[PDB]
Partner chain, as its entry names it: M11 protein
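Shown here is one chain on its own, the form solved without its partner chain, set out as structure tokens.
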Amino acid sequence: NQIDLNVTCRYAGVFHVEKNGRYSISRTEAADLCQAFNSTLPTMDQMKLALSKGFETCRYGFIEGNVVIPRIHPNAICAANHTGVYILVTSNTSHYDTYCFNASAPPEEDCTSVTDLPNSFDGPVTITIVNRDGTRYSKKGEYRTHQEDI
């Protein structure tokens, strides 16, 4: 019973989380997941400030109110070559990655690794945080509060 959470650098407190190497997070699960990192879904303003500090991904993820991809450099297979916070407009489907915002993180680029899941609760799942440099932190617990997300 295992969940892998791949996480990025934080930029003005904003970071990306991909679950189990595939788009697999619902909007309700995303809020609960960020809560386990003492974080919240970023506002569009928080995400724009993270972008300005160097944040970009090539994956759709929730923020408050929308699903987006932050882009700095144009790439034809990432958000159809757009730059800025690209907003998903049309999709049949509901599951994506998530972004999270930690207000206590550093103000600019923080590419140190993540070594804790501070606000998960008691549960049976082995949750493993996987950093980009491969370092891992694991703990037994749960973060999902909605039964339909389990």
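Residue numbers count along the first chain shown, from 1. Only residues modelled in both forms are compared. Between two forms, the rigid core is the largest collection of C-alphas that superpose within 1.5 Å.
Annotation for 77 to 85 versus 100 to 108: the higher mean temperature factor (C-alpha) is found in 77 to 85. On average the C-alpha atoms of 20 to 28 have higher B-factors than those of the other stretch, with 20 to 28 and 6 to 14 being the two compared. Taking the deposited Cα B-factors for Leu51, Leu33, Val67, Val125, the highest one is held by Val125.
Among the modelled residues of the chain, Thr93 sits in the lowest third by CA temperature factor in this PDB entry.
In this PDB entry, the Cα temperature factor of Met47 sits in the bottom third of its chain's modelled residues, the lowest group.
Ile63: CA B factor lies in the lowest third for its chain, per the PDB record.
Not pictured, yet referred to below: the form deposited with its partner chain bound.
With the partner omitted here, the residue from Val125, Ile87, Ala105, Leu49 that has a non-hydrogen atom within 4.5 angstroms of its partner chain in the deposited bound form is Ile87.
A residue is said to contact a partner when one of its heavy atoms sits within 4.5 Å of a partner heavy atom; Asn119 fails this definition for its partner chain in the deposited bound form, lying far away. At a distance threshold of 4.5 angstroms between non-hydrogen atoms, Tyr60 is in contact with its partner chain in the deposited bound form.
The shortest heavy atom separation between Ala80 and its partner chain in the deposited bound form is within 4.5 Å.
Only one of 107 to 115, 32 to 40, 88 to 96, 49 to 57 lies within 4.5 Å of its partner chain in the deposited bound form by heavy atoms, and it is 88 to 96. Core-based superposition between this form and the one not shown shows that, of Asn81, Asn119, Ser52, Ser91, only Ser91 has its Cα displaced by 2 Å or more. The pair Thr28 and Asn92 is tighter in the deposited bound form: their Cα-Cα distance falls by no less than 3 Å compared with this form. Between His73 and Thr93, the C-alpha separation grows by 3 Å or more in the deposited bound form, relative to the conformation displayed. After fitting on the rigid core, only one stretch of 3+ residues whose CA atoms all move by 2 angstroms or more between this form and the one not shown is found, at 89 to 93.
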